[PDB]
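Here is the structure we will look at, set down as structure tokens.
The analysis underlying the following values was restricted to heavy atoms, covering all of them including side chains, and did not include hydrogens, waters or symmetry mates. Here is how names work: the chains are called A, B, and so on, in the same order as the sequence lines, proteins then strands, and each is numbered from 1.
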There are 2 protein chains.
Amino acid sequence: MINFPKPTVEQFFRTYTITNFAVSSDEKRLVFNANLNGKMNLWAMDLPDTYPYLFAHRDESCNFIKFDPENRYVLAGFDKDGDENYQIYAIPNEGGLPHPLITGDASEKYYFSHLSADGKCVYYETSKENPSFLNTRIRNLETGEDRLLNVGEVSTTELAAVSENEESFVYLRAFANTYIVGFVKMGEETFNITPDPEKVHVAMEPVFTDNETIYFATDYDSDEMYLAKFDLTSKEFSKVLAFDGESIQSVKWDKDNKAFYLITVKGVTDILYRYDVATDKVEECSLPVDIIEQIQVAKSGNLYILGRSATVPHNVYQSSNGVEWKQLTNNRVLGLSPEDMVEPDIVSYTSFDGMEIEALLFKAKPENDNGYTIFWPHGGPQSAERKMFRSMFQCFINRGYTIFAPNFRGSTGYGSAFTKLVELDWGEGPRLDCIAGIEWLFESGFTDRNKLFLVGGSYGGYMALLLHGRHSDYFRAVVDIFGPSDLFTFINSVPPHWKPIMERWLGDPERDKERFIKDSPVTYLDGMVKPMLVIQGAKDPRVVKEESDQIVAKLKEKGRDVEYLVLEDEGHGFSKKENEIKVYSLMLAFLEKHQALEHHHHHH
Amino acid sequence: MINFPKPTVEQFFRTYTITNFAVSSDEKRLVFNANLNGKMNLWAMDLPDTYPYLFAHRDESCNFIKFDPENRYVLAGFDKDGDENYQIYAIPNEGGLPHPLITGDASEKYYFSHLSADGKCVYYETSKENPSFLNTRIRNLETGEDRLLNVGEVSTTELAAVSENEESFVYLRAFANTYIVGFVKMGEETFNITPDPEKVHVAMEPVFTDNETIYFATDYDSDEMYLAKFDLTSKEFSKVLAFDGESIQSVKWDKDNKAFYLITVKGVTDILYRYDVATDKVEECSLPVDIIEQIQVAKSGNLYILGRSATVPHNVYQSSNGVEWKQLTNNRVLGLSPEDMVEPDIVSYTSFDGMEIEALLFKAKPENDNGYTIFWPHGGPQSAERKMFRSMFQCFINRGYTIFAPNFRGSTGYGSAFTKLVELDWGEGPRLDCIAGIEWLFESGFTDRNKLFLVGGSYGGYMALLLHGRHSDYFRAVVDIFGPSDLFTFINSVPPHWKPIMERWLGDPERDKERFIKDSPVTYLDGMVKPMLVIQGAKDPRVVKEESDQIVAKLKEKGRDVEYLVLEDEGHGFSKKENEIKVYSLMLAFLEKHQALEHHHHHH
């Protein structure tokens, strides 16, 4: 009847992000962090009523939310403008204004570790007197007394679990993202929790089941993360449950049912399992989305997840049995449904050394298809592109782009060994996996030559710059979103507590000088001749602004076609809607103007 | 445990407004207009799910919302930055971007009147060819055809109801706010719906129950508005149902139960009644709030309202039967409950001629009380101050102010005769009502001399200016929010279609020269010695910018303490949160600094 034009990119601009949530011990309140009003703030629902209200006002990113078990307060962590100098604040149980609780100087960090079961004692890590390795302290909220509990040594040390009786403590000590050693502290004495800490492995997600037992996730002597157990009395490590070709990334003790909920990564999706300890039996549950951001188990055995799909934005869901899910939030893409968006095809190709590489290909719909492709290397590097909603992707797909995102070596979800391959090799193997995937796109016919764009953020921004420098001929245009450009400057500018990890992840500036030169994008500045858009957040602590200033500066001396957008109030990401939309709008205009006119004149 | 500071002012800044709403015919969608994300936009709930999602993006005020009966579209009307040039847009059933439907030049107005029961034909009013009186047209959505239906004559005329068979039409013609004459057009002939249209009276809210029958509210030969019926065949007018000391202001036909829902005004609250036509019986319903803003009756008989109370913000409720209400939305004040806010005491005093004047007194809480009082003349003037939420009041009360809001002569809610007393008397009767209220405050002890601020908006702002001009000694400082300052400029600057009403409401600038001067604030410019803040929206069509510009320009010539805030992107109100907050912040800081220093030195 009325002729409504088809959807435009502006419809994809009004979707918000939910980063995080928590559920009160009695399940009467669920609080979540979302930029529903244009900036990050905590919102609440009085379950079962799902109409949300503002729970606290702050307009900052939030790193954790914790209910008092006796409902006298809510704790949350907030930084400044993407600072990542998170500190700990308290909020009245009914909401209100955050109140400084465990805070200090603007450059200090205060991370929440554990809350005592009586709600009196907060365990946390701080960088204050120990920037490199962090100290572990306790604040007693009744008396105000604050104690040193553990002094970090050797590498970055955090407190990851505490026994009901507050006599036993599990620490995790990170030497790399793939080498994380667990130890228990009991007397003055300490104990490894795997059989051999000299073996490269991760221990994650420890939980006390007794004052004398922990279970946790580890890939000790395996290519996948499995469920292990450690007995503090006998000091016995045991392998309990493993999944063929899947890594456990989440362990949740359902105490009253003596059961675990376990999330695994199987490539580009997450799977949920229930494990009944007593009957040693495993139920395969069903998730309503493909990618889980967070999960919580209430005392009653109810299950709460935060997750998303390719075609479904961040939403929170509730289940009793882990099989039928009530969707609680209703975060949608304006006027559309999953059918209106594109699911990616999972696809694979063979790389230079015979290694099979899995990738996500999002084909533009014929009706929208503009003939161009965006090659998107994900950020990390020890991360992944997965069936996870980014309004960014579907926005570009709406404008008609095909998108290709390969999980180059270094990506997670393909076992421990695959993930280690980017270590000490940021610019050889992964780059060649990308070139190989580009060649595959041409062979496939889903990309035409001279119609390939290149877009990437963070590590992907570095890869965008690196591919630009050394393989310019492939690309029509490049977008670099906070990409490190020089490895010597970058490894010196990361936060101190990342420094001990950087020797194993990246390398050493003096010992590995030659590799560092060869993998730094600024070394190939002369080869960066295609039009380029650079985007950076001034407050970024991971990839500091200087990495984007220097590369833009060096290009501008050579009179190059470079655009540069700085967002004064953001860090490693865009928590404010205004800024997010500004970035989308600019990337779209940039890519549009660098398509070829290809104007056809017909018989008229 | 944790020492939380007491509620601050900034907690009243995060509350949003809901101005208007509609429910689909099948009750499976409810759409409403709100500035929950900082600007006005349509949000929606898939009932019984109440988690809302964005339905249309526009960032503009919305004057109506209308579902298609066959669920192929939603109509809505938007202006530009508080222009009040509303025009008609269509939105897909699922939501999306509004599409120009019945629109034109930026200065033109297109007001929706009626949609045909098949969803084919849209009746509307436009200023285009008849700015003073308006014309009524019809648009066929299947064909694109647009016919002229009626030409406004004599005074400003709208189509208020259309029969099921589209052969009879009720028009309303307004000569004053208290004088609105109804007539019916069938064939080419027209009849009065009241016996004598020479009697000053109002007819309102007509509804066709048959193609031969209408009911409506009117106050013909009465001091209150009552339910009335007019039979189109026999041309019989009947007085059907009246409520002692209450005026009907809304009339809703529940067709399947042959029943009426009627809302009355009884001073400072609204009351809901059900009237069963078959049995001539009245059932008194209960409301979950004191002031109703809008009401729809679904075909199933279910009841939907939007409203508020002194301590409960705008919210939407639903009922099977008008007794037990389900609150659908959760618009709250951040971290607070009703009990944390102040209910006004209902008070009354005798005025200069013995007339009784009702008033709302908000007493500051002992623990907050700063000892000052704010005197607030409401806007309109043929409006009222009522037990209605304004985040503004509770914000000032929290900071420690007592607030007094009298319903001076001209106010609604105390019968037709009372409402007319402001007509041709803006600056005398009501001015003296205010003075008597101020004298009563002093005598009651609830306000001290030298501790009285004055704050008003619209007609309230005119009154603020006048009270300042002729009576400055009563006041520490004054806030004028978009108030007319000079009656000569004002009456010439109002919108074209408001002009016909203006001779009866205000008067004639030649015939009434003397009174216009006596009642213009700007003739008492010399008496405005107290410090004053002035607030104006640039796009305001009711009280144009020039009314505030000129009074500020004149006070500045005499070196007076005047502050002026213009909001470039607002009209006669603050639809955008950023502006509303700037206004509150500035008012609070203005009133603080013009309190007396009151420093107390202690023995320490």
* Structure fact -> Hits for side chain to side chain contact (heavy atoms under 4.5 Å, CB included) against B:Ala56, two or more places apart or cross-chain, chain-then-number order -> B:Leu42, B:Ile91, B:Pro98
* Structure fact -> So, the part of A:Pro5 with a heavy atom under 4.5 Å from chain B: the answer is side chain
* By a 4.5 Å heavy-atom criterion (distance strictly below it), what part of A:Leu36 contacts chain B: side chain, backbone, both, or neither? -> both
* Who among B:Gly95, B:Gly119, B:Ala44, B:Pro52 has the most heavy-atom pairs with chain A under 4.5 Å? -> B:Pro52
* Got a sec, which residues hit ring-ring contact (aromatic ring centres under 6.0 Å, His included) with B:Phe4, two or more places apart in sequence or on another chain? -> none
* To do: Please state whether the side chain, the backbone, both or neither of B:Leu336 comes within less than 4.5 Å of a heavy atom of chain A.
  => neither
Output all donor-acceptor pairs under 3.5 Å across chain A and chain B; consider backbone as well as side chains.
| from | atom 1 | to | atom 2 | distance (Å) |
| --- | --- | --- | --- | --- |
| A:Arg14 | NH2 | B:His57 | NE2 | 3.3 |
| A:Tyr16 | OH | B:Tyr51 | OH | 2.6 |
| A:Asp49 | OD1 | B:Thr50 | OG1 | 3.1 |
| A:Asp49 | OD2 | B:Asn330 | ND2 | 2.7 |
| A:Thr50 | OG1 | B:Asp49 | OD1 | 3.3 |
| A:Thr50 | OG1 | B:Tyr51 | N | 3.4 |
| A:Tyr51 | OH | B:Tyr16 | OH | 2.7 |
| A:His57 | NE2 | B:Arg14 | NH2 | 3.2 |
| A:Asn330 | ND2 | B:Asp49 | OD2 | 2.9 |

* To do: Mind ranking A:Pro92, A:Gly96, A:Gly335 by heavy-atom pairs under 4.5 Å with chain B and telling me who comes out on top?
  => A:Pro92
* So which heavy atom on B:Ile2 is nearest to which on A:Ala90, and how close? -> CD1-CB, 4.0 Å
